[PDB]
Amino acid sequence: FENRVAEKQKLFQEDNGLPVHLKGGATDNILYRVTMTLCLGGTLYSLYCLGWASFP
Amino acid sequence: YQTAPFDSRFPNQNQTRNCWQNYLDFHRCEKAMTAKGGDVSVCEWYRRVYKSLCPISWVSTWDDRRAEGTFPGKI
Amino acid sequence: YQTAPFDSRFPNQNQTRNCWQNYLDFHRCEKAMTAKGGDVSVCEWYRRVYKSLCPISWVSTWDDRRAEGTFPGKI
Amino acid sequence: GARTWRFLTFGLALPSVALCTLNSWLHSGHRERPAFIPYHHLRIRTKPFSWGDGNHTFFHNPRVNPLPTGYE
Amino acid sequence: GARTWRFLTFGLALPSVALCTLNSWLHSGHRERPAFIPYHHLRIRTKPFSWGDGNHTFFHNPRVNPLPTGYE
Amino acid sequence: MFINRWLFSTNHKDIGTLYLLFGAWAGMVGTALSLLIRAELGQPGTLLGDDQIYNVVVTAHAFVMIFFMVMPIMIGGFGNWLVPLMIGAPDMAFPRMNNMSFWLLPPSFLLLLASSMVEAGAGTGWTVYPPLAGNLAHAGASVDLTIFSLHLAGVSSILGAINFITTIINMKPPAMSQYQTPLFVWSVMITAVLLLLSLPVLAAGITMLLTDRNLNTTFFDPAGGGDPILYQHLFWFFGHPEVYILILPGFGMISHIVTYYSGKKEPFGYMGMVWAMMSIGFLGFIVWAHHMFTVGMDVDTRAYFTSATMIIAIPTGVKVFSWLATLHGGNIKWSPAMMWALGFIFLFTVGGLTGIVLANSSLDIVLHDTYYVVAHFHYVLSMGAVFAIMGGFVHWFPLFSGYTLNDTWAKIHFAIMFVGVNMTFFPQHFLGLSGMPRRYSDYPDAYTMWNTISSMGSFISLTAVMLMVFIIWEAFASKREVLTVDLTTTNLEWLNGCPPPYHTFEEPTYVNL
Amino acid sequence: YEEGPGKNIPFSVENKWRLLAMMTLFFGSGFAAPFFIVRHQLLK
Amino acid sequence: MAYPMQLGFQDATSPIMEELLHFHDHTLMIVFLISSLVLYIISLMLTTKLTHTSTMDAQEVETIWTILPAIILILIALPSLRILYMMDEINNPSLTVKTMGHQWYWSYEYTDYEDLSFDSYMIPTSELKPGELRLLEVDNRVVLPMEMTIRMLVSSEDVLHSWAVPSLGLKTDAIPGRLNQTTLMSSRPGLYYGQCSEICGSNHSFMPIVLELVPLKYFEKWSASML
Amino acid sequence: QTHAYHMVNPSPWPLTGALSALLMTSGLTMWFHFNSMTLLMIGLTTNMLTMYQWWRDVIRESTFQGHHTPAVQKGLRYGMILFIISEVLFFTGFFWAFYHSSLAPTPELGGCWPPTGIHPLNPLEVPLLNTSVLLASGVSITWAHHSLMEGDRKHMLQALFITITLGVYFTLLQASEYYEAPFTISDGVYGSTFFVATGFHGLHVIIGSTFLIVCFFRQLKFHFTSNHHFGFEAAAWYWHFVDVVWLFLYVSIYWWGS
Ligand code: HEA
Ligand code: HEA
Ligand SMILES: CCCCC/C=C/C/C=C/C/C=C/C/C=C\CCCC(=O)O[C@H](COC(=O)CCCCCCCCCCCCCCCCC)COP(=O)(O)OCCN
Ligand SMILES: CCCCC/C=C\C/C=C/C/C=C\C/C=C\CCCC(=O)O[C@H](COC(=O)CCCCCCCCCCCCCCCCC)COP(=O)(O)OCCN
Ligand SMILES: CCCCCC/C=C\CCCCCCCCCC(=O)O[C@H](COC(=O)CCCCCCCCCCCCCCC)COP(=O)(O)OC[C@@H](O)CO
Ligand SMILES: CCCCCCCCCCO[C@@H]1O[C@H](CO)[C@@H](O[C@H]2O[C@H](CO)[C@@H](O)[C@H](O)[C@H]2O)[C@H](O)[C@H]1O
Ligand SMILES: CCCCCCCCCCO[C@@H]1O[C@H](CO)[C@@H](O[C@H]2O[C@H](CO)[C@@H](O)[C@H](O)[C@H]2O)[C@H](O)[C@H]1O
Ligand SMILES: C[C@H](CCC(=O)O)[C@H]1CC[C@H]2[C@@H]3[C@H](O)C[C@@H]4C[C@H](O)CC[C@]4(C)[C@H]3C[C@H](O)[C@]12C
Ligand SMILES: C[C@H](CCC(=O)O)[C@H]1CC[C@H]2[C@@H]3[C@H](O)C[C@@H]4C[C@H](O)CC[C@]4(C)[C@H]3C[C@H](O)[C@]12C
Ligand code: CUA
Ligand SMILES: [O-][O-]
Ligand SMILES: [Ca+2]
Ligand SMILES: [Cu+2]
């Protein structure tokens with residue numbers, strides 16, 4: 001394999017105002033959206049499950 | 001015989017092992033006597049002491065387990 | 001009785017503790033049976049086993065020490 | 001140095017593993033299972049397990065792990 | 001630094017010694033000496049000692065160290 | 001922008017602000033629980049129900065006041081706001097991990113409120129002893145939700161401890177030794193070390209309780225060869241350090257408040273104060289079985305725990321005397337914060353001294369599991385930890401907000417709360433000495449007078465809590481902006497203005513050797 | 001981000017009456033919760 | 001039992017409880033004096049316009065601040081530990097009684113001679129007889145001989161409880177799988193009350209202890225009548 | 001800025017991690033009591049997503065953006081030491097439980113250790129092999145460290161591969177021993193102490209092996225310099241911690257407890 005670190009240093013230092021968690025490009029946005037959707041949706045489901053479990 | 005005397009082997013607040021030891025000693029003694037056809041009367045001291053100290057439910061459970069074959073102490 | 005049987009407590013070449021344990025057991029039993037005025041025939045197994053296994057000089061020394069009040073084992 | 005730690009890896013550490021692998025290899029093979037006795041301090045069931053029929057441990061081995069009622 | 005080790009010396013170590021010194025100095029009383037029993041595994045004499053009458057240990061204390069024949 | 005700033009924060013000040021808001025909300029929940037307790041106890045006979053609903057309330061009261069009010073305010077709130085400013089650091093060592101310490105608390109709190117909503121609640125005491133907390137006597141989800149609540153709070157605090165220790169060791173100006181950091185910074189470092197060592201043992205113990213409840217383990221079940229007393233040792237190995245964790249940041253705030261309102265540049269006997277806090281932290285690990293004097297341990301063990309416990313009075317007394325010596329010769333400013341601090345010194349001393357009474361195992365036989373214990377710990381918590389929180393809040397509110405409180409309203413607040421807490425807890429000494437047990441929904445008729453007066457006290461404290469909300473509203477409603485602050489030369493957290501910019505110490509301080 | 005008094009908080013202090021409503025809801029919800037939980041337990 | 005408006009301990013019924021009252025008196029004097037001195041010194045530090053704000057030397061005064069508290073703690077610990085070891089001394093009991101905690105009542109076992117055992121439950125408020133005490137009376141009292149050393153053994157058949165009688169200086173936790181020992185000796189006949197002292201669920205408040213202390217001859221006849 | 005410290009970009013991973021903790025704990029509750037794994041599987045998934053993205057971002061910040069100055073690296077060293085200390089105290093609780101039960105065996109066990117009816121594993125068979133495996137892995141990881149400091153890419157990768165192989169061997173051997181064991185977690189306090197203490201250890205071996213695999217792929221991608229490689233140092237410290245815990249388990253539970 002070859003050392004491609006310099007190419008990643010250029011990408012992640014680009015002066016584009018992106019926070020580090022999105023600076024890799026479109027794949028970062030997709031993985032963020034999947035993560036936050038599962039977190040917020042799972043949290044709403046955990047609250048439904050409490051509602052259910054709160055009564056006999 | 002009034003009650004179980006102070007036993008220097010068991011001088012502290014926790015008397016669990018005092019009950020256990022006397023229960024074991026009685027049943028070991030009873031087995032050793034019944035085996036030779038000797039006299040279980042020699043075992044009486046251990047019987048009085050464990051009866052004095054041991055909760056009824058502990059004795060009852062241990063007796064049940066000896067009869068079941070599930071008593072985990074060596075007799 | 002021919003000789004002392006195998007004892008799973010003492011399975012190795014060093015039989016010192018087998019001799020010692022059976023000597024103690026005989027004398028603890030003989031003291032228990034004398035204490036109630038029970039019968040020492042009950043103690044016979046232990047006597048045959050220690051007599052079989054123990055060197056005469058060990059038995060004779062231990063006997064002398066019990067008589068002297070210098071036997072270091074608990075009877 | 002790296003040279004010394006590689007020397008220890010191949011000259012001591014891996015030979016030790018090979019010898020202990022031999023030793024375990026030689027003492028393997030199934031030993032007989034003990035008579036079942038329904039001891040009250042074993043095969044504890046205060047709540048069903050959250051898998052299977054509730055009565056089998058997670059890595060239950062039918063050959064050596066009896067249920068509260070004995071071997072399967 | 002030196003300042004930290006001095007702080008530990010005076011703030012932890014020497015206070016510990018003072019507390020253990022107080023504890024010892026509370027249980028310093030002389031205990032009741034035990035009945036003499038001429039046990040064969042104690043008061044060993046296979047050769048006379050190379051000092052005194054050959055029968056006294058080097059830091060013999062008459063109050064607590066009996067001879068083979070008992071307390072002096 | 002709102003989400004980026006307040007849900008995705010990497011800023012020590014904003015995270016501090018989130019902790020203070022969380023702790024304030026938790027304080028209202030804890031106060032409502034305390035009032036339900038005293039509403040039941042304020043008249044003989046049953047008001048609410050049998051001991052189950054009563055002890056669900058008592059249990060929740062304790063977990064809320066400890067884990068959701070005191071620790072988040074003192075450590076998350078004052079610690080995050082003040083520690084970086086007092087060492088000239090640009091933020092915490094791990095500014096993103098800091099945010100996760102905060103966000104673990106709302107879920108932890110949700111699990112505790114779920115515990116109370118499902119089945120019959122966790123009516124266990126905050127100690128959660130088995131077998132009452134086990135799967136026979138507390139069948140169903142309530143205790144498991146309580147255990148998980150404690151797991152999330154524990155992870156929050158463990159990661160926070162790692163963050164504070166690293167920040168305080170690693171991010172001072174290079175010329176600044178540990179012996180040139182302010183006492184509040186020392187108090188947080190020592191608290192963080194206690195958290196790092198104590199919470200994992202709690203985690204082990206409550207995990208064992210979880211497996212006894214759900215995986216047929218028997219750590220605490222004699223049927224399997226377990227021991228309920230093992231749970232108590234593991235819990236209290238955490239629990240005694242936990243009370244020092246609750247007070248130490250309070251001691252640090254009191255040192256700053258007494259110094260400031262005495263007009264002093266420095267507390268009396270700085271190195272003695274450092275020595276005292278490290279000695280208290282250390283001794284706090286070797287005393288836990290004073291919570292177990294009635295369980296049946298050996299006499300020599302009781303003698304050791306009595307003696308080791310009493311030793312804590314020596315470093316603690318050095319702190320009390322050093323506060324008095326800080327007042328000595330002061331140009332005293334009778335600010336509301338100073339009134340909280342003076343109340344602290346006296347009322348904490350009283351509670352510490354009733355702790356010394358309890359340290360005596362022979363007398364503890366009669367006082368254990370009575371209201372005497374309840375009187376002791378509320379003097380140190382409801383009049384100690386809380387008075388340090390209120391003094392620090394009114395002292396630093398203008399730093400955090402840029403606005404001033406009405407000092408006359410704040411003095412009224414102090415006066416009402418002082419009367420209420422003393423009326424609530426002083427008579428509980430009498431209930432304890434005369435034998436009223438803990439965790440009772442109802443009491444024999446003889447105990448009526450003191451329970452009645454105690455409950456009347458609790459209502460006075462409620463009036464104070466309601467007034468505090470109004471006082472914070474009035475400050476934000478009126479918008480009196482800060483102009484000048486005295487003694488900035490010995491109070492670095494004030495030197496960047498009120499409030500300080502989002503980024504402070506972008507250019508670090510200059511300190512030479 | 002906005003800096004200065006009233007801007008370093010996750011709630012608005014632009015209108016003291018809107019703020020009173022928000023503070024009422026915030027602290028009032030925490031204080032009310034245990035009463036409603038006790039009611040819930042008593043009604044099973 | 002406790003009485004209305006009570007400030008201190010129940011009157012001592014046993015010599016050890018007497019010892020605990022005098023030890024509490026000694027300790028409370030110290031607590032009062034230290035509390036009072038701190039309050040006074042606060043008031044002294046706060047009542048002068050005179051000032052001294054320059055750096056103050058701490059080491060001389062810190063000697064006093066550490067040594068005087070250390071002496072006071074020793075003056076508490078010495079009598080404290082004397083009492084601790086007095087309660088632990090060997091005594092030779094005449095009688096052993098067991099108590100087993102349950103949800104929510106106590107059982108008692110007197111098995112030195114005969115299999116005597118019974119359950120002891122709170123009298124419900126609606127069933128109290130005129131003059132009886134709410135939440136304190138039981139149906140079956142723990143009858144015991146006065147002026148005799150009694151061994152009490154305490155355990156549980158379910159959750160934790162704790163067996164307490166404040167006027168005798170007693171509190172022994174009731175732990176399943178454990179047999180805890182204490183000694184009981186009443187100087188006087190009468191009725192001595194206590195209450196369960198470990199949270200044990202729904203009726204923790206409602207499982208009291210009533211000792212009935214009578215002469216040996218009466219105890220012997222009661223014992224025979226309970227078989 | 002004219003200090004050397006790292007001002008981190010506003011990040012969603014703290015919130016996603018906190019919510020993953022709510023979903024895992026509410027999920028375990030739902031599994032233990034309401035016969036459903038759904039919430040738990042969502043929580044485990046969000047936890048893995050959060051860890052992946054958080055540590056990915058730390059690599060971006062360090063390897064790709066240069067934010068890890070010596071001062072930042074020193075902070076991380078303290079952070080990892082303090083984390084390891086917290087994990088030592090967690091295991092201490094389990095050792096306390098073990099010694100409490102084994103030193104004073106109750107009548108229910110037969111008043112002996114091991115309890116009546118427990119047939120312990122032979123400590124000289126697979127447990128000794130497991131000991132040789134983790135000790136050997138402590139040697140190979142040290143070789144890997146020195147190779148990296150000496151600038152030797154191939155020998156670093158070989159030594160690290162060997163270390164990971166040994167971690168996997170340990171895990172497979174322990175899995176086999178779990179299956180073969182004639183006692184279970186439900187076999188009283190013997191099974192309780194054995195499986196919870198060795199099970200938390202096994203989890204830490206899996207975590208440590210995963211950390212070493214992350215280091216292996218970063219090394220393959222040339223992230224590490226001969227002087228700057230904190231992720232590798234942290235993984236090695238964690239790995240030594242896992243070794244030492246094993247040695248204490250081996251001496252305490254397998255040997256002294258047999
Ligand atoms: C920090 C801990 C803490 C605090 C402050 C309190 C405060 C109070 N507690 Fe207590 N309590 C405990 C911890 C605490 N408690 C514990 C651990 C137990 C034992 C539980 C068990 O047995 O298992 C207990 C038990 C307990 C009992 C015994 C119950 C029983 O045994 O049956 C009683 C009885 O009256 C009581 C009452 C009160 C009252 C009336 C207050 C009042 O003084 C409260 C008044 C309100 C406040 C003090 C304000 C709170 C809010 C803030 C400070 C937020 C401020 C806002 C900003 C800074 C913006 N509590
Ligand atoms: C902030 C909280 C906090 C603090 C700081 C303390 C501090 C102390 N506590 Fe307390 N304690 C609790 C919170 C606290 N405690 C809680 C919550 C419980 C109950 C747990 C439960 O069961 O739910 C409790 C229970 C508890 C018990 C168990 C009682 C029982 O359950 O039977 C004991 C036993 O020794 C104890 C002792 C002490 C001592 C000796 C101190 C010392 O640190 C006090 C030291 C201070 C001083 C002594 C005052 C200042 C000193 C001087 C002015 C010098 C001169 C003094 C002398 C010479 C004496 N406390
Ligand atoms: C106070 C703090 C410690 C002080 C140390 C000892 C002080 C005196 C002796 C110094 C040298 C000690 C070294 C160890 C040797 C043996 C015994 C020393 C221990 C000792 O002092 O033990 C004493 C006996 O000494 C005895 O016999 C007699 C002791 C004198 C004769 C010793 C001769 C043996 C020398 C052997 C030399 C070998 C060297 C090895 C070299 C190796 C190189 C390859 C104990 O007193 P006691 O009355 O029996 O019991 C107390 C009753 N109240
Ligand atoms: C090869 C080693 C690797 C272990 C991985 C295996 C299994 C899943 C995960 C394990 C995690 C570690 C410990 C958790 C506790 C128990 C599992 C112990 C190890 C184990 O796997 O034990 C097994 C039982 O598993 C069981 O009950 C299974 C139980 C599964 C559910 C686990 C519940 C998790 C508990 C919550 C953890 C809380 C963490 C707290 C964090 C701190 C916060 C402050 C043993 O099998 P057995 O059939 O009884 O006997 C063998 C007979 N032939
Ligand atoms: C089935 C099991 C599921 C359970 C979930 C956990 C499973 C697996 C987790 C495995 C851990 C992987 C950690 C990967 C960290 C990658 C980031 C990293 O290593 O980051 C390094 C910094 O270290 C740092 O943050 C140090 C970061 C260290 C953190 C690791 C701590 C271990 C995590 C424990 C998690 C839970 C344990 C508790 C269980 C009870 C980056 O600096 P360098 O390396 O100097 O590079 C810079 C040079 O290139 C410049 O020239
Ligand atoms: C991005 C958003 C996040 C996604 C949220 C998804 C929520 C929807 C999940 C579906 O809900 C499920 O319903 C099943 C009902 O069929 C339950 O079955 C369980 O309960 C059944 C009751 O009939 C039993 O048969 C079994 O225990 C079991 O199948 C199961 O518990 C539950 O999860
Ligand atoms: C990406 C977001 C959208 C996807 C949302 C996820 C959807 C998953 C819903 C499925 O729910 C499951 O239903 C199973 C049965 O219907 C349950 O098995 C349960 O029942 C089995 C047999 O009925 C038992 O063997 C198991 O032990 C037991 O947990 C299982 O727990 C539960 O998870
Ligand atoms: C060909 C490649 C070169 C890597 C590089 O320099 O880019 C080599 C160098 C070290 C090699 C690794 C090491 O030799 C260790 C392993 C040896 C096994 O026989 C194959 C996998 C194994 C994990 C190797 C894979 C691969 O061939 C690597 C990574
Ligand atoms: C040596 C150390 C630091 C001094 C410094 O470097 O400034 C100081 C700070 C606090 C001091 C201690 C505290 O003042 C408390 C104690 C006071 C006694 O008079 C001496 C012992 C005593 C335990 C002190 C020993 C030592 O002088 C300490 C530990
Ligand atoms: Cu029984 Cu409380
Ligand atoms: O805990 O005092
Ligand atoms: Ca009522
Ligand atoms: Cu404590």
Side-chain angles (χ1 to χ4, degrees), chain B residues 13, chain E residues 22 26, chain F residues 287 289-294 297-314 349-373 375-376 379 428-436, chain H residues 2 6-36 68-89 91 149 164-172 182-188 192 194 197:
Chain B
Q13 276 183 355
Chain E
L22 186 268
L26 256 21
Chain F
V287 295
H290 65 223
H291 295 279
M292 299 171 63
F293 285 149
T294 65
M297 303 181 297
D298 298 344
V299 67
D300 292 341
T301 294
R302 289 184 273 125
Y304 162 78
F305 280 100
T306 289
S307 298
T309 299
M310 279 201 303
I311 292 168
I312 293 167
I314 296 169
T349 290
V350 170
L353 286 168
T354 62
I356 291 292
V357 174
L358 290 167
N360 292 286
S361 57
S362 291
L363 202 57
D364 188 64
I365 298 308
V366 186
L367 298 179
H368 176 67
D369 244 296
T370 77
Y371 266 78
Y372 197 89
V373 181
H376 157 61
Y379 269 76
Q428 294 182 4
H429 297 102
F430 305 147
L431 293 173
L433 292 171
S434 63
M436 185 186 171
Chain H
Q6 185 169 339
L7 301 181
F9 284 114
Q10 291 172 222
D11 282 7
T13 311
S14 68
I16 288 289
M17 187 63 221
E18 286 181 67
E19 286 277 4
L20 289 178
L21 296 180
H22 302 309
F23 170 72
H24 179 249
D25 289 343
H26 162 81
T27 305
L28 177 57
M29 188 189 91
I30 292 162
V31 165
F32 278 142
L33 225 14
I34 297 171
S35 287
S36 293
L68 254 51
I71 292 166
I72 293 167
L73 291 177
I74 294 164
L75 256 17
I76 297 169
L78 271 33
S80 183
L81 298 178
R82 167 181 54 92
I83 298 168
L84 183 69
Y85 283 90
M86 178 173 342
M87 300 166 93
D88 192 70
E89 281 171 3
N91 47 226
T149 302
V165 186
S167 51
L168 287 180
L170 303 178
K171 185 172 296 116
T172 299
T182 189
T183 68
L184 183 157
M185 204 299 293
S186 183
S187 301
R188 305 199 310 276
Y192 303 98
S197 298

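Every heavy atom of this structure was used, including side-chain atoms; hydrogens, water molecules and symmetry mates were not. Chain identifiers are assigned alphabetically (A, B, ...) following the order of the sequence lines, protein sequences preceding nucleic acid strands; residue numbering begins at 1 within each chain.
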Check for a donor-acceptor pair, side chain of [X] on one end and backbone N or O of [Y] on the other, with a separation under 3.5 Å.
X	Y	answer
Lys171(H)	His368(F)	yes
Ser36(H)	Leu33(H)	no
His26(H)	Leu75(H)	yes
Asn360(F)	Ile356(F)	yes
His376(F)	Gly351(F)	yes
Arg302(F)	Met297(F)	yes

side-chain contact (heavy atoms from CB on, under 4.5 Å) between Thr13(H) and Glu18(H), intermediate numbers included: CA-CA 8 Å; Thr13(H) 311; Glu18(H) 286 181 67; over 6 Å; no

Just by distance, no angles: are the side chains of [X] and [Y] close enough, under 3.5 Å, to form a donor-acceptor pair?
X	Y	value
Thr306(F)	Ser361(F)	yes
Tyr85(H)	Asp300(F)	yes
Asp369(F)	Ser197(H)	no

Please examine the side chains of [Y] and [X], heavy atoms only from C-beta on, and report whether any two atoms are closer than 4.5 Å.
X	Y	answer
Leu168(H)	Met17(H)	no
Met86(H)	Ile16(H)	yes
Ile312(F)	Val287(F)	yes
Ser362(F)	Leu81(H)	no
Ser186(H)	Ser14(H)	no
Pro166(H)	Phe9(H)	no
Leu433(F)	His24(H)	yes
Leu170(H)	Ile365(F)	no

Give the C-alpha distance, both sets of side-chain angles, the deciding distance and a yes or no for side-chain contact (heavy atoms from CB on, under 4.5 Å) between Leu20(H) and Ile83(H). CA-CA 8 Å; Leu20(H) 289 178; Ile83(H) 298 168; 3.9 Å; yes

Minimum heavy-atom distance [X]-[Y], with the two atoms named:
X	Y	answer
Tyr192(H)	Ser167(H)	CD2-OG, 3.6 Å
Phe23(H)	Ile76(H)	CE1-O, 3.4 Å
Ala359(F)	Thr309(F)	CB-CG2, 3.6 Å

Could you state the interatomic distance from [atom1] ([X]) to [atom2] ([Y]), rounded to the nearest 0.5 Å?
X	Y	atom1	atom2	result
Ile314(F)	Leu68(H)	CD1	CG	11.0 Å
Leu28(H)	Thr354(F)	CG	OG1	10.5 Å
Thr182(H)	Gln13(B)	OG1	CD	6.5 Å
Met29(H)	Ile34(H)	CE	CD1	9.5 Å
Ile30(H)	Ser35(H)	CD1	OG	11.5 Å
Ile311(F)	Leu73(H)	CD1	CG	8.0 Å

Trace of the side-chain contact (heavy atoms from CB on, under 4.5 Å) decision for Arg82(H) with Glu19(H): CA-CA 10 Å; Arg82(H) 167 181 54 92; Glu19(H) 286 277 4; 3.0 Å; yes

Given side-chain contact (heavy atoms from CB on, under 4.5 Å), test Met185(H) with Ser187(H) step by step and report yes or no. CA-CA 7 Å; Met185(H) 204 299 293; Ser187(H) 301; 3.9 Å; yes

Is the distance from the ring center of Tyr379(F) to that of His429(F) below 6.0 Å?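 Yes - the distance between ring centres of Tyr379(F) and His429(F) falls below the 6.0 Å cut-off.
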
